[PDB]
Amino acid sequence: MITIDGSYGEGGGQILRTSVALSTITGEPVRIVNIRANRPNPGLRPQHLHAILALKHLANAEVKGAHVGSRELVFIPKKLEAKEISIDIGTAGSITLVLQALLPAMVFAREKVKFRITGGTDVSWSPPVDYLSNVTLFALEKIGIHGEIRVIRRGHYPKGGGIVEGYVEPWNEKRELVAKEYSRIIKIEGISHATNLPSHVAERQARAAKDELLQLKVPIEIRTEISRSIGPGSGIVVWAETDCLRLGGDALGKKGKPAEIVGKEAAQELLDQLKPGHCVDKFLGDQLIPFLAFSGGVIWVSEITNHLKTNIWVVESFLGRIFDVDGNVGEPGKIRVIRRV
């Protein structure tokens, strides 16, 4: 079987996620060693563990080393079959990153797959769920992927208790993505939420973001959501609707962090992503990699990151040569699929 070195490049959880997803899709067994070497708390966390267990269910796999703290995992898949997914991470572990592991596998399963996942919806160092549903899925629709991601209940660090449900359809009609430069920003949209917190938190995040985005000279409409869960939390995502794809920026609240700073951060992130004039923001750039191998096409990104380069390396470890990358890490770049599988 193939062995993937989890200390390579970015050295994070994405190496593990992409590996197990591609093992599940291709049927090739995989061993990942040095899991999350380049992270403060190496080895599997609950998020990774439950992602692995769900893929294990879908592919009826044999798994070795699947425990919290493990730096090594062996994943030997059998047949990929559509089954209903139900996952309780048990912590504030990232639902969106669990979905990042699952999505590529679920859409290759030949029948619709429904999922329900509990954990964190809006937690550090991961996509907020509103980013995944409004930016990532929007781009995925363009290559023929159809599904739905619904937030039933928010969950924040540390208690979690968030609930997300949805489904994807089998990816039967694949279409290439061509996303180079945008020529027009049509408008800015967003969702500012606050959970178990005063409603002015959501309103102030939105107002501060709007302030920073006035310079773009386009309409701005940021919806506010007041909700309840088992603990306090807040967050905001904003995105630019362009003539091509949506680019996003986002930020999270925490105790003592002013709502205004939250909103300002998310807006400034969006502004940074727009500056180069490329269609794909730096987060989506890395998230699209496993899908582009099968869809073909070309994306120009605002910034080539180590995440993106590491994801390419994992994908090519399984599928062979796929991509040509024009540009350096930390700068805008161009990623062409020069061989579709």
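Note that residue numbering follows the sequence shown and begins at 1.
Looking at mean Cα B-factors across 77-85 and 115-123, the upper value is held by 77-85. When 125-133 is weighed against 169-177, 169-177 comes out higher, by mean CA B-factor as recorded in the entry. When all modelled residues of the chain are sorted by CA temperature factor, residue 146 is found within the highest third. In this PDB entry, the Cα temperature factor of residue 298 sits in the top third of its chain's modelled residues, the highest group. Ranked within its chain, residue 281 lands in the lowest third, by CA B factor from the PDB record. Per-chain ranking of the deposited C-alpha B factor places residue 58 in the highest third.
The deposited CA B-factor of residue 45 belongs to the middle third of values across its chain.
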